[PDB]
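With ideal geometry, Cβ positions are generated from the backbone for all residues, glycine too; neighbour counts draw on all protein chains shown. Please treat every number below as a calculation from the coordinates, not as lab data.
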Amino acid sequence: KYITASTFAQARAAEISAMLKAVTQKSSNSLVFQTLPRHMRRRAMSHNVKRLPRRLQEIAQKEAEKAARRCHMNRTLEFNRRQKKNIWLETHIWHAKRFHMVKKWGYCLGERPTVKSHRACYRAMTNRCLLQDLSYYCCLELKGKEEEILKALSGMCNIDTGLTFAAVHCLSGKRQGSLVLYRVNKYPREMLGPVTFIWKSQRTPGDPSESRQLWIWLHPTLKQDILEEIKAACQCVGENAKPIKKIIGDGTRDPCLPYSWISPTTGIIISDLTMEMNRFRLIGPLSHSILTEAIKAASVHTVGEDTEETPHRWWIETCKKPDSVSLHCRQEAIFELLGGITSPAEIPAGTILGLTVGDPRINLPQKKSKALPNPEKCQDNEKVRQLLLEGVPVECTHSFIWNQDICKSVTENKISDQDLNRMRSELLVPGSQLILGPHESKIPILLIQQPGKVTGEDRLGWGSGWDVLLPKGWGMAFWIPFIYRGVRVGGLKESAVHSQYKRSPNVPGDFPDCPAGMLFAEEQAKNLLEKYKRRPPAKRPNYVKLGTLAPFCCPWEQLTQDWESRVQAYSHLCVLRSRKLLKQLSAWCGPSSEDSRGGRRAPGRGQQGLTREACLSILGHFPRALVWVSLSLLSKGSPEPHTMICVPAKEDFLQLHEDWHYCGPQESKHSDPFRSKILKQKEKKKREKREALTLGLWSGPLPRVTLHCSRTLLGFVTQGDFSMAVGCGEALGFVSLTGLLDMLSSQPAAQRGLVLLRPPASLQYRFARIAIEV
Amino acid sequence: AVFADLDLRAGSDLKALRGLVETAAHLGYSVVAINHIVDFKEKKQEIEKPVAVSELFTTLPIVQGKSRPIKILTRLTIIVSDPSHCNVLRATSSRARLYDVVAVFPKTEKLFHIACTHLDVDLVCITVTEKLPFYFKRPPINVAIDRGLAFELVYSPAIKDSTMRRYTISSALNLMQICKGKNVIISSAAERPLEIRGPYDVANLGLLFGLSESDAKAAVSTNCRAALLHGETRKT
Amino acid sequence: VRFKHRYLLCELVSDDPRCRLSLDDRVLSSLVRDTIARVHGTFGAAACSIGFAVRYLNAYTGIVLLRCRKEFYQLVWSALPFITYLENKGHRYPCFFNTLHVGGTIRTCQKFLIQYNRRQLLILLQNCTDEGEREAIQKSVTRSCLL
Amino acid sequence: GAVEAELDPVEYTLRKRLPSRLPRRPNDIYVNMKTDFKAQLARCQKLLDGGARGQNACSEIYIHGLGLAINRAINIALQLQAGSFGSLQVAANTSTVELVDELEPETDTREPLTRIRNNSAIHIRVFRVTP
Amino acid sequence: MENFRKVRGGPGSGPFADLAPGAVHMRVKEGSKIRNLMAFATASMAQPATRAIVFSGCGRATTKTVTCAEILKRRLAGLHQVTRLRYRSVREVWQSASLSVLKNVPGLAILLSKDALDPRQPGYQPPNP
RNA sequence: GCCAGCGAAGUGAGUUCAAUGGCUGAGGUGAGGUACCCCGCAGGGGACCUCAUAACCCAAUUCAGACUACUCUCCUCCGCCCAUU
RNA sequence: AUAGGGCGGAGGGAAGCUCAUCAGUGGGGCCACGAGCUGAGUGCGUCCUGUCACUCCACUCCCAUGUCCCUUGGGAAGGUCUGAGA
């Protein structure tokens, strides 16, 4: 019975070794204070015991036997004085308490969390839920006649190049649009700025005779640029109160801002609303469930029967109309149908669905991070397919927060957020949500989702982000019910991984334009030059020996002038964001294979052909251009920011064909004749006591852009990081057209996007796969 | 990443042979080959059907690591003392084309020179037991590393004798000064049913021989992979 | 103010299972500390004796866990192949076999023992083919799901 | 305008909201395409052998996949039987996955024609049967 | 390109052999056979036969026999299908001389039935739409 | 003066009987040398060779700030004494 | 005057080498879709008949169970206080 007796020993070997590791995780050196989860650890557990839970406090009372001045000032008037400098949003007391606050081009906003959550933000974005605070995006309301709000803007969006908004007739009632503005119709290809655009007209008039509104959602670096362009294009004309608006805006309220003037001839009313209402970007698959379960629609049947004692009479006149009563039931029925919808990835293109919401702090669950899955009922199959295919909620889309006098009355009541918190201590409800409702906060909001990676065919729905638009008075009061459901909130760095893993460039300054990108790249050059002079030598690698001007991303004032001097010798800062020509450029770099006739498939359903004369006609049509490229490393690579893309040679393709997993060649070092002027400078500085060009700065950038390195450099990388989506290094940067079509003409054969890259801190060429996914 | 490919010198009976296979399958071994002792005393040529492992073993080699079947090979170990016996290896290379990897045991430095240059073998048996005078010369080593020829070091010091422990560690270090570790394997003979060591146990036993700090792990994995890779083109 | 340890696993793989019944912490500490003095000299016999101690040993299973330092793990882990002739009242010939050298970290050293134990009982199913032993495997799977 | 020049993005195919709940007590694996084959079977092996380490306990796994994915989602399941070597019962369940395609060119006079399409899926369910 | 395929529905087709079902086969790749097999699958609802339809498929046909049985579920609405997953050995010989190689492709077979699975399903689990 | 918490998977290191600053080779910077090459202003640059790269010290939930222990190093401010003109 | 040699003090929101191969180790990441669900074409059957055959036409080859990717002890991690993550 040795084979039987050996089974009892090997079974207990799996039992004891499993119990030695399971109890010890719950023991933690037999300590109660270290048994808590690592997200729920506070170091003030010894001074005051009240920072602990109730059931864990009873053991700590038994452990207590074994183990600066006051402040009496009006803090509201203190923060009112501090708001004169910055903008100071309503949710600043939430963010500054637990985030690293860094002042920027606008105001100070949250960038990085104090707790380490870099892997946690991506994990709460593809599986769990997440939401942000993006309130710096301004809006420009333009009131005017329909014939005048399009003729002054038709020479600004460039109809035949990108997405249109003028007469597309589908982005009008149903959904929103996204496009890039320009200058006046003289066609300069100089000034450009991305704007997510929204149309809405009233359905029951159905004619261009009523009031038509439209908003310009923009970035605060473009706020000096867009507002001065629309002004130039259309017409050359007690108690303690909370300062919900700005102090910069209210201090300029009499002379200049908000810019609300009228036009005599065109009737265009420019309504500058920089901080008039707040915006929250809610991103995630489970973000579609906490938007449905926590937010409840306002009961229009309960209030409008007999209760009439108090204003909010603007909703009473709405409840008096019988058409709006049946319409609010249709707005709630699709909103309750959103619980049947499992994810916001399948909803066609930026839909808009506004409804009236009774405020979600009525529920306010006692537990923290109370995450719930879906119910097991999955009925109503025909109702889901009605919204997936058509997706036309024009009757249900009723943006009621676009009225001027009604939105003032939302903020006019000045409700207290702490006095309602006492109501749960006065009523003493143990486990019920009982709030008396003769008059409640029956104010509407707006729901707009955003798709991610539409042009790229890799994921098709990575960034699925809702936007909850709401007035200015309802700030942190609407923030706090989402926190107790299981949301981990990122900042600006989490707003930076939102675009670099979605293969779109960042909106503040990473794309090079004339008014905006030159100011942020200089601001980017002031941060790392301070960090470069901060570190003493023999600790940092030198940059004259290894590469070129780096990590300072401004040689493209002369780099794009150099690549046209190479071709044409044998209008500036142009970006080819024209998706009709990007379909052709995707065919050259994307498919790199050959089986019978075409790349990766023999039918293709397209046009395959080699014509080098038509490629030269594109270069003469668009001179001095610059196109972004998404690129994918194969193996053994890690992209940094500001890394250089280098053209491979003929010997690089022969070695990779001979051996797989072959690391690229190294770089021969370059001579540094600027060292002799350093001891000339140091000995002259000490002579005059008894132009700062030390270790990589010089104003001589002309001959290096021609031919300096061994491999010819052609492109840069702005967003350089390793991806958690693909599983390897995924860089993102900008190249030129003449750099591509010189490489593409050399290889009509097998793989073409195999182009080496070289980081400036290293000397090792590493190859990636260029593929333009538009 | 094909790991733990060593060779055994084992034939007495089917009970002692299968016990070494099941023990090597237990530890880490995915390639186990059986060597045959051929010398100048009896002068026997049993090439066609020496063991027929695939016709005797019960068709299931199972390891507890990667959980893959074991590629069992057949290798030959020729003990050569006189140069007249070395001409037998050049005559049987075209008559019977079996024994995929061929290992030869030289004894004379004049015969060691033609073994590294002229004689077509795959591995070189280097065992020094009980005062065997054989010194190493640097030009016959420098040709064999460029050719791809490997060198064996068969050890069994822990059970039989304590005097044999010193000759295996001293004759090894005479080779480590010259060969530098380009292609060196360390296999072990096993006559008793327990004369084998573990898969990661060889990695410190190569460091016990010196020779490296990291490449001693590659002496059981990488240099043992080059024996079948170079010997396959010799057969075809 | 703390020392970095190394924890190496061993396994006795041999026939005649009366040798597996004759295992003790007093015998194992007198075996390993003696065979280092037989292979190495008095240097490694005491440089691998100031941190060397036994922590985990099952005579019915055959898993040996030993202690050693960061500076002296290469002397114990090289003395493991030269351990023969466990002298006792009978005739015994065991020989240790390493599995994975764990750098400290007892928790994942016990995790590798679980995955080694699970792979041993799955191969044992078809090779043994016993009705009374297969019911004992079902007692091992069911009690492991209750953990 | 579906012949000359038109953008054609594919939006998404609904799986369920279940993969917020399914990685707690069971384990679910969505087999993709053009990533790797050797990596995907290794992810099936580690997640099946994770006891009190993976999520809570190793009990059972099952594998999803769409019409291209089920050519290789069946490949990782049958190789697990010879790999894990134990009694693992395989049960499969087929269903219909709806697929809404949107195509819309950059033209004022055009409107996005939303096509209807369906695709086949499988639910290969691997038990842990006591031998 | 000469294949040699063995058959490894082995024990389960015992009670199916007494009913004489209509077997439906999809070898590797054939597009117009989808219009041909569904012509008889629709006819098998009208022709007098028992509720037993036998599908098969391997290689690349394992993703086409699922779509073939799915369209018949939109017409016949069967309530029980047994999908079995078994090794299928394919030994093809292609010319480079003649080279032989053994391939172990996955297989799939769908057994649409309605009446015969009433004492069945201890652990078989057919889906019931 | 006094009053407010959540047992629930997974920290760009995340261990908890307490993992991780590794080796070799090639560089950077800081000294020293040239029978070597190029540019021709006695000069300079490149190539090659030798050597230094540390001390203080260790993550146990994390972050900001103060304080303290520091030198392979760089920047600013100076003192003392020697020698020279 | 020559900060020429030697030494010492005070101060900074000073900083405390990098890169390539290989190895060890704790982890993390590693995307449900081929416009193939009445798909297309070829030769016969046939113009209504296909237990029709062929094309990895969309290469995904391979005894297929990671030779995949990234990171892994600091400026003060050390004490030891104040403050935040309600």
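Within the range C:93-127, being surrounded by fewer than 16 Cβ atoms within 10 Å (Cβ to Cβ) and facing chain B (nearest Cβ under 8 Å) holds for C:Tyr93, C:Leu100, C:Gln120, C:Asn127. For the range C:1-19, what are the residues that are away from RNA strand F (no atom under 16 Å from the Cβ) and either more than 12 Å from the chain's Cα centre (by Cα) or away from chain B (no Cβ under 14 Å) (or both)? If the condition is that a residue be away from RNA strand F (no atom under 16 Å from the Cβ) and either more than 12 Å from the chain's Cα centre (by Cα) or away from chain B (no Cβ under 14 Å) (or both), then C:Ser14, C:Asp15, C:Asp16, C:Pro17, C:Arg18, C:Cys19 are the ones that fit. I need the full set of residues from the range D:72-126 which are more than 10 Å from chain E (Cβ to nearest Cβ) and in contact with a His (Cβ under 6 Å, 6 or more places away or on another chain), in order please. Hits for the range D:72-126: nothing passes. Residues that are within 11 Å of RNA strand F (Cβ to nearest atom) and either within 14 Å of another protein chain (Cβ to nearest Cβ) or within 28 Å of D:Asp108 (Cα to Cα) (or both) within the range A:108-150 comprise A:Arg123, A:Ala124, A:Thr126, A:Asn127, A:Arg128, listed in sequence order. If the condition is being of a type in the set (A, V, I, L, M, F, W, C) and more than 11 Å from RNA strand G (Cβ to nearest atom), then the range D:75-121 contributes D:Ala77, D:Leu88, D:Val90, D:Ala91, D:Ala92. Assess whether A:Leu559 counts as being at negative phi, within 16 Å of RNA strand G (Cβ to nearest atom) and not β-branched (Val, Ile, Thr). No.
Annotation note: Cβ proximity below 6 Å between a residue of the range E:80-92 that is closer than 10 Å to E:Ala109 by Cα and a residue that is assigned to a strand (DSSP E or B) and β-branched (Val, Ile, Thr) (sequence gap 6+ or interchain) occurs for E:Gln81/E:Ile110; E:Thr83/E:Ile110; E:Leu85/D:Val90. Residue check: is A:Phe767 away from every other protein chain (no Cβ under 14 Å), under 28 Å from A:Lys502 (Cα atoms), surrounded by fewer than 16 Cβ atoms within 10 Å (Cβ to Cβ) and within 16 Å of RNA strand G (Cβ to nearest atom)? So A:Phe767 does not fit the description; no.
From the list B:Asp122, B:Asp82, B:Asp39, which residue is touching a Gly at 6+ places or on another chain (Cβ under 7 Å) and of a type outside the set (A, V, I, L, M, F, W, C)? Step through it out loud before you land on a result.
Values: B:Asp82 fails: touching a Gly at 6+ places or on another chain (Cβ under 7 Å); B:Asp39 fails: touching a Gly at 6+ places or on another chain (Cβ under 7 Å).
Sole residue among the options that is touching a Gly at 6+ places or on another chain (Cβ under 7 Å) and of a type outside the set (A, V, I, L, M, F, W, C): B:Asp122.
Of the residues in the range A:316-325, not one is surrounded by 19 or more Cβ atoms within 10 Å (Cβ to Cβ) and in contact with a strand residue (DSSP E or B) (Cβ under 6 Å, 6 or more places away or on another chain).
Might you check whether a residue that is within 13 Å of RNA strand F (Cβ to nearest atom), under 29 Å from A:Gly284 (Cα atoms) and of a type outside the set (A, V, I, L, M, F, W, C) occurs anywhere in the range A:68-75? No, there is no match, as no residue in the range A:68-75 is within 13 Å of RNA strand F (Cβ to nearest atom), under 29 Å from A:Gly284 (Cα atoms) and of a type outside the set (A, V, I, L, M, F, W, C).
Beta carbons closer than 7 Å, at least 6 apart along the sequence or on distinct chains, pair a first residue in the range C:1-20 that is outside any loop (DSSP other than H, G, I, E, B) with a second that is near RNA strand G (Cβ under 10 Å from one of its atoms) and basic (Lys, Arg) for C:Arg6/C:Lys70. The residues of the range B:84-136 that are surrounded by 16 or more Cβ atoms within 10 Å (Cβ to Cβ), in contact with a strand residue (DSSP E or B) (Cβ under 9 Å, 6 or more places away or on another chain) and part of a loop (DSSP other than H, G, I, E, B), listed by number, are B:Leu89, B:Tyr99, B:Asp100, B:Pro106, B:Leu119, B:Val121, B:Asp122, B:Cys125, B:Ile126, B:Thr127.
Listed by position, the strands (runs of 3 or more DSSP E) inside the range E:36-129 whose residues that are more than 10 Å from chain D (Cβ to nearest Cβ) and either in contact with a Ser or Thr (Cβ under 7 Å, 6 or more places away or on another chain) or of a type in the set (S, T, N, Q) (or both) number at least 2 are E:52-54, E:87-95, E:98-113. When D:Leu18 is tested against the conditions (1) within 16 Å of RNA strand F (Cβ to nearest atom); (2) crowded, with 19+ Cβ neighbours inside 10 Å, the lone failure is (2). Considered as a group, the residues in the range A:616-637 that are surrounded by 15 or more Cβ atoms within 10 Å (Cβ to Cβ) and within 16 Å of RNA strand F (Cβ to nearest atom) include one that is farthest from the other protein chains (Cβ to nearest Cβ), and that residue is A:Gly637.
Exactly one residue among A:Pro220, A:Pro255 is surrounded by 14 or more Cβ atoms within 10 Å (Cβ to Cβ) and either within 31 Å of the chain's Cα centre (by Cα) or closer than 30 Å to A:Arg81 by Cα (or both), and that residue is A:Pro220.
Among the candidates E:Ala52, E:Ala20, E:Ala69, single out the residue that is farther than 26 Å from D:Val97 by Cβ and touching a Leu at 6+ places or on another chain (Cβ under 7 Å).
Working: E:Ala20 fails: touching a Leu at 6+ places or on another chain (Cβ under 7 Å); E:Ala69 fails: farther than 26 Å from D:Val97 by Cβ.
Just a single option satisfies the conditions, and that option is E:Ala52.
Here A:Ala602 passes the criteria (1) within 12 Å of RNA strand G (Cβ to nearest atom); (2) out of contact with any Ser or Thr (no Cβ under 6 Å at 6 or more places or on another chain) except the one numbered (2).
Out of the residues in the range A:129-152 that are of a type in the set (A, V, I, L, M, F, W, C) and surrounded by 20 or more Cβ atoms within 10 Å (Cβ to Cβ), which is farthest from A:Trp474 (Cα to Cα)?
First, pick out the residues of the range A:129-152 that are of a type in the set (A, V, I, L, M, F, W, C): A:129-131, A:134, A:138-140, A:142, A:149-150, A:152.
Still in the running and surrounded by 20 or more Cβ atoms within 10 Å (Cβ to Cβ): A:129-131, A:138, A:140, A:149.
On the way: A:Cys129: 22, A:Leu130: 20, A:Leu131: 16, A:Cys138: 17, A:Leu140: 21, A:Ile149: 31 Å.
Selected residue: A:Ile149.
For the range A:663-682, a residue qualifies if it is under 15 Å from A:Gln764 (Cα atoms) and surrounded by 14 or more Cβ atoms within 10 Å (Cβ to Cβ), and the qualifying residues are A:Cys663, A:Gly664, A:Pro665, A:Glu667, A:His670.
Count of the range A:534-545 residues, restricted to those that are more than 10 Å from A:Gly696 (Cβ to Cβ) and more than 6 Å from RNA strand F (Cβ to nearest atom), is 3.
Which one is nearest to C:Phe3 (Cα to Cα) among residues in the range C:49-65 that are more than 14 Å from every other protein chain (Cβ to nearest Cβ) and surrounded by 15 or more Cβ atoms within 10 Å (Cβ to Cβ)?
Within the range C:49-65, the first condition is being more than 14 Å from every other protein chain (Cβ to nearest Cβ), and the residues that meet it are C:49-54.
With the extra rule that they be surrounded by 15 or more Cβ atoms within 10 Å (Cβ to Cβ), the set shrinks to C:49, C:51-52, C:54.
On the way: C:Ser49: 15, C:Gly51: 10, C:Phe52: 13, C:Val54: 17 Å.
Across the range C:49-65, the extreme among qualifying residues is C:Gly51.
Each residue in the range A:50-85 was checked for being among the polar types (S, T, N, Q) and within 16 Å of RNA strand G (Cβ to nearest atom), and 1 pass.
Helices (runs of 4 or more DSSP H) wholly in the range A:284-385 with at least 3 residues that are more than 10 Å from chain D (Cβ to nearest Cβ) and under 19 Å from A:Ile448 (Cβ atoms) - which ones? Please lay out each step first, then the result.
Details: elements: A:287-293, A:300-303, A:313-320, A:322-337.
Because the criterion is at least 3 residues that are more than 10 Å from chain D (Cβ to nearest Cβ) and under 19 Å from A:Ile448 (Cβ atoms), the helices (runs of 4 or more DSSP H) in the range A:284-385 that meet it are A:287-293, A:322-337.
Candidates in the range D:9-39 are the residues that are at the interface with chain A (Cβ under 9 Å from one of its Cβ atoms) and of a type in the set (S, T, N, Q); of these, the one that is nearest to A:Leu389 (Cα to Cα) is D:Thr13.
Kindly indicate whether any position in the range C:66-80 is of a type in the set (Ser, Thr, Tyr) and either away from RNA strand G (no atom under 16 Å from the Cβ) or away from every other protein chain (no Cβ under 14 Å) (or both). Show your work before the answer.
Kept after step one, since they are of a type in the set (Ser, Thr, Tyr), are these residues of the range C:66-80: C:73, C:78.
Among the residues that remain, those that are also either away from RNA strand G (no atom under 16 Å from the Cβ) or away from every other protein chain (no Cβ under 14 Å) (or both) are: none.
No; the residues of the range C:66-80 include none that is of a type in the set (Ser, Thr, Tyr) and either away from RNA strand G (no atom under 16 Å from the Cβ) or away from every other protein chain (no Cβ under 14 Å) (or both).
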